[PDB]
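So the structure is just underneath, and the comments pick up after that.
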Amino acid sequence: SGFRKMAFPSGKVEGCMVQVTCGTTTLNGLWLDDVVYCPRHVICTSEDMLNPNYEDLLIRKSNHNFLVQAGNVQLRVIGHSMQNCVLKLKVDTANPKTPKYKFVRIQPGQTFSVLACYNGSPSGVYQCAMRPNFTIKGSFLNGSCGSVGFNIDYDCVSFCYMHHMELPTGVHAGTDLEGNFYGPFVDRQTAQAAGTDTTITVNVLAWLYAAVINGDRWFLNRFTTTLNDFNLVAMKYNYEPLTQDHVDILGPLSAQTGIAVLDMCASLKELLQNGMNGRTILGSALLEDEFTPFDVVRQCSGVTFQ
Amino acid sequence: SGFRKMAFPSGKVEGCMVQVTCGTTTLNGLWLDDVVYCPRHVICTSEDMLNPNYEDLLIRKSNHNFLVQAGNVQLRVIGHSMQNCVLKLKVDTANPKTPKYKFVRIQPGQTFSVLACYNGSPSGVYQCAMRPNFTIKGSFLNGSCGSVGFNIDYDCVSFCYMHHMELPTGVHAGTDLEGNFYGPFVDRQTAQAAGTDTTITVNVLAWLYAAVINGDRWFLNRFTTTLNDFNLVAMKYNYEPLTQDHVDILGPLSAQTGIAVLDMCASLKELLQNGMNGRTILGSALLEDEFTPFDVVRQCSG
Ligand SMILES: Cn1cnc(Cn2c(=O)nc(Nc3cc4cn(C)nc4cc3Cl)n(Cc3cc(F)c(F)cc3F)c2=O)n1
Ligand SMILES: Cn1cnc(Cn2c(=O)nc(Nc3cc4cn(C)nc4cc3Cl)n(Cc3cc(F)c(F)cc3F)c2=O)n1
C-alpha cells in the first residue's frame with residue numbers, strides 16, 4: 001500500500017551520461033553505441049545565441065573542439081552532424097553500458113522519469129508529466145542541458161526527452177531525441193512562453209482510482225454523468241477534454257475498483273465545483289494530474305522494470 | 001528554478017539487489033561484497049508468524065536452504081549469521097558492482113531515497129522522510145521486503161533503511177542495515193501501531209525558504225515571534241517543537257534570503273491560523289515537510 005510519485009530506476013541511463021564541451025560551453029550528453037547526443041546549443045557563444053545560424057555555426061568547426069568526457073576517460077570524436085535541434089558526436093568507442101533503447105515522442109499528459117545531470121555526472125531523478133502547453137515543470141539549475149527524460153519497458157529504455165532551456169515563467173522546454181522541440185519553442189534567447197496550461201483530466205481520474213484502491217473513498221458520490229456533460233464543465237475550469245480513448249484506458253481500474261468511469265467523472269465534477277471541503281485525497285490538498293492510468297497500474301497492481 | 005521532490009540516482013543500489021529465498025519465503029536482498037543482507041523474517045513459516053524465536057529458527061537452517069538469485073546467476077551461500085533483525089549471508093562471490101557504501105542510522109526528519117524491489121528486480125524510486133513516529137509513508141506491495149533506503153554523497157551510498165513490514169495504517173516500518181528497528185516495532189505479526197504522526201517543523205521552514213528563493217512570496221509578514229511562543233502554537237497543530245539546533249540549521253537559509261529564522265517562524269505561525277486563502281506555495285496547497293535544510297540548499301541556487 002501507500003502512494004508516491006515514483007520514477008523508473010535510473011540505473012540503465014546513468015551509464016550513458018557524459019560531459020560534452022565546446023569552447024567554454026559545457027553540458028551533458030547521452031552516449032549510446034558510438035554516438036553522443038547533446039543539445040545543439042553547445043556550439044553557441046553568447047556572441048551568436050540570440051539570433052543564430054546553427055547549420056552555419058556548425059560546419060565551421062573541427063573534431064578536436066568537442067571534449068566528450070566520460071567520467072575521467074576522454075573520447076576521441078570522429079564526426080559531427082545535426083538532426084533538428086540535437087547534435088550527434090560520433091566517437092571511436094561504443095558505450096559498453098548501452099541498454100536496449102529506442103527514441104520515442106510522447107503526447108501531452110504522458111509521464112516520464114527525468115535524470116537531471118550536471119557536468120555529465122547524474123545528480124537527481126524525478127517523475128515528470130508532459131504538460132498540455134508542451135512544457136515540463138522540472139527542477140533544473142544551470143548546466144542541466146543534456147538531462148534526458150525516459151521510460152523503461154521490460155528492459156528497453158525509451159528516451160523521450162532532452163533538456164534545452166528554462167522559460168522565464170520558470171518551467172522548462174526541450175526536444176525529443178530527434179531534435180523536434182516539444183511545443184512552440186526555438187533554441188535561443190528570446191522572450192518566450194507557451195499557452196496557459198491545463199489539467200490532464202485523464203490523469204486526475206486515474207489518480208482518484210489510486211485513492212480508492214488505497215481506501216481513500218470519501219469523494220465517491222452516488223451519481224453518474226455523460227462525456228458530453230462532463231467536458232462542458234471541464235472546459236470552464238481549464239481541464240482537458242476527456243475523450244473515448246481516455247475512458248477505455250481507465251477500464252481496468254474501473255473493474256478492479258468496482259466503480260466506473262463517468263461515475264468517477266461525477267466525483268471529479270463535484271470536486272471541480274465545491275472543492276474538497278477541507279479534506280484531502282491521498283493527503284494532497286489539490287488534484288493530481290501527473291499519474292497516467294498505466295502509472296497507477298504499475299504502482300498498485302504493478303510490474304518490475306529491472 | 002522549479003522545485004521538485006528529487007530522489008537520488010538509484011543506479012548504484014540496483015547493482016546490489018538480489019532475490020533471497022528460504023524454503024518458500026521470497027524477499028529481496030542487498031548484495032554488498034561477499035555478504036547478502038536481508039530481513040531475518042525470511043526464515044519464518046506459517047506457524048512462525050506471531051512469536052518467532054529467530055535464534056531457534058536460525059540454528060535451524062543450513063546454508064543449502066537459502067537460494068540467492070542475482071539475475072540468472074544463483075549464488076552459493078557459505079554461511080548464515082544474524083545481527084538483530086537483518087539476516088547476513090556469506091556467499092562465495094563478491095558483487096563486482098558493489099559501490100562505496102556505509103551503514104548509517106538516520107534521525108526522524110531525515111530524508112532518503114527508496115528503491116522499491118520485487119523478486120530482486122528494482123521497480124521504482126521515490127523520496128521518503130523518516131516521520132517523527134519512526135515510520136515512513138512509503139509505497140510498497142507484497143514482495144518488497146529487503147527494499148533499501150539510501151542517500152548518496154559523492155558516489156558513496158549511505159544505506160539507512162531496510163523495509164521489513166507494513167503497519168495496519170498503511171505506513172511502513174523497517175530497520176537500519178544493522179537490523180535495529182526504527183521505532184517501537186518488532187518483526188512479528190503481533191498487532192502493532194505507531195504513535196500519532198507529527199509534522200517536521202524544521203523541514204517546513206526549510207521548504208518555505210526554498211519558496212522565497214524561487215521568488216515565491218505570497219506568505220510573508222512583518223511579524224516576528226519568540227521561539228517559545230512559536231512552539232506553543234505549533235504544538236497546538238500537531239507540529240514538532242523547534243529546538244535551538246533546528247534554528248541554527250536554518251541559519252544558512254536565513255542568510256541567503258535575508259529573513260531571520262524567527263521572522264519565518266512568524267510567517268509560519270500566521271500560515272497555520274489562516275490556512276492559505278486558496279493560494280499555493282511552490283505549487284502545493286499544503287505545507288511540505290519532506291525537504292530537509294540540506295535538500296533545500298542542495299536543489300536550490302547559490
Ligand atoms: C536554471 N536553468 C533551468 N534550466 C536550465 C537549462 N539551461 C542550461 O543548462 N544552460 C543554458 N545556457 C548555457 C550556459 C553555459 C555556460 N557555460 C560555461 N556552459 C553553458 C551551457 C549552456 Cl547550455 N541555458 C540557457 C539556454 C540554453 C539553450 F540551449 C537555449 F536554446 C536557450 C537558452 F536560453 C539553459 O536554459 N537552466
Ligand atoms: C503490502 N506490503 C507493503 N509492504 C509490505 C512489506 N511486507 C512484505 O513484503 N512481505 C511480508 N510477509 C511475507 C509473506 C510471504 C509469502 N511468501 C511466499 N513469501 C513471503 C515473504 C514475506 Cl517477507 N510482510 C508481512 C510481514 C513481514 C515481516 F518481515 C514481519 F516481521 C511481519 C510481517 F507481518 C510485509 O509487511 N507489504
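Order determines the names: the first chain of the C-alpha cells is A, the second B, and so forth; residues in each chain are numbered 1 upward, and ligands are numbered 1 upward as they are shown.
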- [ ] Give the residue list for ligand 1 at 7 Å, counting only C-alpha atoms and all ligand atoms, as a VMD selection string, sorted by chain and then by residue number.
- [x] (chain A and resid 24 to 27 39 41 to 42 140 to 145 163 to 166 172 186 to 189) or (chain B and resid 1)
Report as CSV the residues of chain B within 9 Å of chain A, each with its shortest atom pair and distance in Å (one decimal), using only C-alpha atoms, ordered by chain and increasing residue number.
```
residue,atom,partner,partner_atom,distance
B:1,CA,A:139,CA,5.9
B:2,CA,A:139,CA,4.3
B:3,CA,A:139,CA,5.1
B:4,CA,A:139,CA,5.5
B:5,CA,A:126,CA,6.8
B:6,CA,A:126,CA,5.2
B:7,CA,A:125,CA,5.4
B:8,CA,A:124,CA,4.8
B:9,CA,A:124,CA,5.5
B:10,CA,A:9,CA,5.8
B:11,CA,A:11,CA,3.6
B:12,CA,A:11,CA,7.2
B:13,CA,A:11,CA,8.4
B:14,CA,A:11,CA,6.6
B:15,CA,A:11,CA,8.3
B:115,CA,A:9,CA,7.5
B:116,CA,A:9,CA,9.0
B:117,CA,A:304,CA,7.4
B:118,CA,A:304,CA,6.7
B:119,CA,A:304,CA,8.7
B:120,CA,A:306,CA,8.2
B:121,CA,A:306,CA,4.7
B:122,CA,A:306,CA,4.9
B:123,CA,A:304,CA,4.3
B:124,CA,A:8,CA,4.8
B:125,CA,A:7,CA,5.4
B:126,CA,A:6,CA,5.1
B:127,CA,A:4,CA,8.1
B:128,CA,A:4,CA,8.9
B:137,CA,A:2,CA,6.6
B:138,CA,A:2,CA,5.6
B:139,CA,A:2,CA,4.2
B:140,CA,A:1,CA,5.4
B:141,CA,A:1,CA,5.7
B:142,CA,A:1,CA,8.7
B:166,CA,A:1,CA,8.1
B:170,CA,A:1,CA,5.9
B:171,CA,A:2,CA,6.9
B:172,CA,A:2,CA,8.7
B:214,CA,A:170,CA,8.9
B:284,CA,A:285,CA,7.4
B:285,CA,A:285,CA,5.4
B:286,CA,A:285,CA,6.0
B:299,CA,A:139,CA,7.8
B:300,CA,A:141,CA,7.4
B:301,CA,A:141,CA,7.0
```
Task: Which of segment 139-215 of chain B fall in helix (DSSP H, G or I), as a list in words - done: residues 201, 202, 203, 204, 205, 206, 207, 208, 209, 210, 211, 212 and 213 of chain B
Task: Point-to-point distance from atom CA of residue 97 of chain B to atom CA of residue 177 of chain B, Å rounded to tenths - done: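 Taking atom CA of residue 97 of chain B and atom CA of residue 177 of chain B, their separation equals 18.5 Å.
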Close residues, residue 239 of chain A itself excluded, 7 Å, only C-alpha atoms, min 4 positions apart in chain, as an mmCIF file with N, CA, C and O atoms, in the first residue's frame:
```
data_model
loop_
_atom_site.group_PDB
_atom_site.id
_atom_site.type_symbol
_atom_site.label_atom_id
_atom_site.label_comp_id
_atom_site.auth_asym_id
_atom_site.auth_seq_id
_atom_site.Cartn_x
_atom_site.Cartn_y
_atom_site.Cartn_z
ATOM 1 N N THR A 198 -3.219 23.502 -18.835
ATOM 2 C CA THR A 198 -4.495 22.929 -18.436
ATOM 3 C C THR A 198 -4.246 21.621 -17.700
ATOM 4 O O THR A 198 -3.196 20.992 -17.845
ATOM 5 N N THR A 199 -5.230 21.216 -16.904
ATOM 6 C CA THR A 199 -5.112 19.980 -16.146
ATOM 7 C C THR A 199 -5.312 18.773 -17.055
ATOM 8 O O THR A 199 -6.192 18.762 -17.919
ATOM 9 N N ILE A 200 -4.479 17.752 -16.862
ATOM 10 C CA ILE A 200 -4.630 16.494 -17.587
ATOM 11 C C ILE A 200 -5.746 15.718 -16.895
ATOM 12 O O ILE A 200 -5.520 15.053 -15.882
ATOM 13 N N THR A 201 -6.960 15.808 -17.442
ATOM 14 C CA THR A 201 -8.125 15.218 -16.789
ATOM 15 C C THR A 201 -7.981 13.708 -16.648
ATOM 16 O O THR A 201 -8.275 13.141 -15.589
ATOM 17 N N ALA A 234 -15.720 20.706 -17.857
ATOM 18 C CA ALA A 234 -14.262 20.636 -17.857
ATOM 19 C C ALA A 234 -13.642 21.853 -18.536
ATOM 20 O O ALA A 234 -12.614 22.367 -18.078
ATOM 21 N N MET A 235 -14.245 22.321 -19.634
ATOM 22 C CA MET A 235 -13.718 23.497 -20.321
ATOM 23 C C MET A 235 -13.656 24.701 -19.390
ATOM 24 O O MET A 235 -12.700 25.484 -19.441
#
```
Could you give me, as a short mmCIF file (atom, residue, chain, number, x, y, z; two decimals) with C-alpha atoms, in the first residue's frame, every polymer residue with an atom at most 8 Å away from an atom of ligand 2, counting only C-alpha atoms and all ligand atoms?
```cif
data_model
loop_
_atom_site.label_atom_id
_atom_site.label_comp_id
_atom_site.auth_asym_id
_atom_site.auth_seq_id
_atom_site.Cartn_x
_atom_site.Cartn_y
_atom_site.Cartn_z
CA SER A 1 0.00 0.00 0.00
CA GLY A 2 0.91 3.68 0.07
CA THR B 24 9.11 -20.90 0.32
CA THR B 25 9.71 -17.33 1.57
CA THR B 26 10.99 -14.96 -1.14
CA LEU B 27 12.03 -11.38 -0.32
CA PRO B 39 15.29 -9.17 6.73
CA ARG B 40 15.57 -12.15 9.06
CA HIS B 41 11.82 -12.73 8.64
CA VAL B 42 12.66 -14.81 5.54
CA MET B 49 4.48 -15.65 12.27
CA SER B 139 4.75 2.91 -1.43
CA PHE B 140 5.20 -0.84 -1.09
CA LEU B 141 3.46 -4.05 -2.12
CA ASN B 142 3.92 -7.68 -1.14
CA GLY B 143 7.40 -8.86 -2.02
CA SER B 144 9.07 -5.56 -1.13
CA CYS B 145 10.95 -6.72 1.97
CA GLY B 146 14.65 -6.01 1.59
CA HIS B 163 11.95 -2.34 4.64
CA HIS B 164 10.56 -5.11 6.86
CA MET B 165 6.80 -4.74 7.30
CA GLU B 166 3.68 -2.67 6.69
CA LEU B 167 1.56 -1.48 9.61
CA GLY B 170 -0.64 1.59 5.67
CA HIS B 172 5.79 1.12 6.80
CA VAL B 186 9.33 -5.85 16.24
CA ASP B 187 9.45 -8.16 13.22
CA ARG B 188 6.37 -10.13 14.31
CA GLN B 189 2.74 -10.40 13.24
CA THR B 190 1.73 -9.13 16.68
#
```
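As for atom CA of residue 217 of chain A and atom CA of residue 193 of chain B, they are spaced 22.1 Å apart.
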TODO: Work out how far apart atom CA of residue 238 of chain B and atom CA of residue 201 of chain B are and give it in Å to one decimal.
DONE: 9.8 Å
Open item on the list: Excluding residue 293 of chain A and its own-chain neighbours fewer than 2 positions away, which residues fall within 12 Å of it when counting only C-alpha atoms? Please give them as a PyMOL selection string.
Closed with: chain A and resi 109-111+200-210+245-254+289-291+295-302
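Residue nearest residue 19 of chain B, chosen from B:37, B:207, B:237, B:154 and counting only C-alpha atoms: B:37.
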